[PDB]
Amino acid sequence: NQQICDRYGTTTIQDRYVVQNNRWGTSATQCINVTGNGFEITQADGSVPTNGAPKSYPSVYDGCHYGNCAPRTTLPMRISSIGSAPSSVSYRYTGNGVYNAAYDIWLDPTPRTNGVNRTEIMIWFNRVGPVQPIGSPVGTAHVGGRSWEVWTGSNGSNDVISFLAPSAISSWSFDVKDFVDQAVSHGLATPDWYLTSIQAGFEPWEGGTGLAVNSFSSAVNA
């Protein structure tokens, strides 16, 4: 068990995925406790307005995020070269707090390993409290055999397309490629762009202790 409280502290699990505290949206103290297979939020002080950005995005990922790349990742990879991108996550939720649980999947026109990427795909597995994605809703989509409320917009730095589940999803194993294809169909990428990372975690606005990622997997097959 490793406790990480530093704003941008990271480590790895399974010698394969990066786990990051990623406390980008507040100065208030946040800590995660990283086990062999996932992490738990153990400190999540303070709160920020629900009509704005969240406190943070503690998460586990495959690929590269600001130059920190998961061991043996095959990302970045051109979208058109991807045969499948199977990923899974299992979450533990709490009745208290204001937060989401979400995948954050990044695309760029270049095989980017560092810096801000152009397109962000969020898949919201759960929402507790009056949290809403970036932008505005543009309709419903069926992806991976599930129904999603789709939102599109910009956070000021990059474009964002979000897929909101109608009710809490505790765990799901699916092909990230199906969501990448939806980004393309919405004009937020082309098949010649690149998939750069696949991340899963939480975005807390208030509270957040006790939340956990029980497990995670990601593979990107050519």
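Start at 1 and count along the sequence shown; that's the residue number.
Engineer: Got a sec? Mean C-alpha B-factor, which is higher, 165 to 173 or 193 to 201?
Structural biologist: Per the PDB record, 165 to 173.
Engineer: With respect to the recorded C-alpha B factors, which stretch has the higher mean value, 88 to 96 or 134 to 142?
Structural biologist: It is 134 to 142.
Engineer: Which of these has the highest Cα B-factor in the record: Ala183, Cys64, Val48, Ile41?
Structural biologist: Across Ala183, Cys64, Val48, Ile41, the entry lists the biggest C-alpha B-factor for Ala183.
Engineer: Quick one: classify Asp108 as lowest, middle or highest third of the chain based on its Cα B-factor.
Structural biologist: Middle third, going by the recorded CA B-factors of the chain.
Engineer: Using only modelled residues of the chain, where does the Cα B factor of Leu188 rank: lowest third, middle third or highest third?
Structural biologist: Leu188: CA B-factor falls in the highest third of its chain.
Engineer: Ranking the modelled residues of this chain by C-alpha B-factor as given in the entry, is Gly153 in the lowest, middle or highest third?
Structural biologist: Top third by C-alpha B-factor.
Engineer: C-alpha B factor of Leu75, ranked within the chain: lowest, middle or highest third?
Structural biologist: Ranked within chain, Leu75 CA B lands in the middle tercile.
Engineer: Relative to the other modelled residues of the same chain, rank the CA B-factor of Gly52 and answer lowest, middle or highest third.
Structural biologist: Tercile = middle for this residue's CA B-factor.
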